[PDB]
Amino acid sequence: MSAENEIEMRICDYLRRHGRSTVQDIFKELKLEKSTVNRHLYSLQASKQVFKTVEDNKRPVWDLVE
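Residue 4 is where the sequence shown starts when you use the authors' numbering, and the numbers rise one by one after that.
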């Protein structure tokens with residue numbers, strides 16, 4: 004269990020429990036670094052596991068593809 008897979012799996016599971024979330028909610032409830040979470044969000048987006056939604060006067064939120 005790669006520690007980078009552990010962070011992505013912890014992240015996916017955060018989104019399962021709470022639904023689409025900002026990078027802020029995520030890194031602070033997983034007690035992780037914002038730059039850590041951001042890294043693995045784009046990694047997970049690349050491997051098509053999470054996806055990002057943007058909106059006017061709103062923060063981007065991530066949720067699970069599947």
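By construction, the Cβ of each residue, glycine as well, lies at the ideal position given by its N, Cα and C atoms.
Which of helix, strand or coil does DSSP assign to residue i?
i: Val64; result: strand
i: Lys55; result: strand
i: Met12; result: helix
i: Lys31; result: helix
i: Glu7; result: helix
With residue i as the anchor, note down where its beta strand (DSSP E) starts and where it stops.
i: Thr25; result: Segment: none, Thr25 is in no beta strand (DSSP E) and carries neither H nor E.
Looking at the unbroken alpha helix (DSSP H) that takes in residue i, where does it start and where does it end?
i: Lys37; result: 37-49
Here's a check: name, in chain order, each residue in its chain whose Cβ is nearer than 8 Å to the Cβ of residue i, leaving out the five neighbours to either side.
i: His43; result: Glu7, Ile10, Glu11, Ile14
To the nearest whole angstrom, what separates the beta carbons of residue i and residue j, a pair I think is in contact under 8 Å?
i: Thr39; j: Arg62; result: About 18 Å; that fails the 8 Å criterion.
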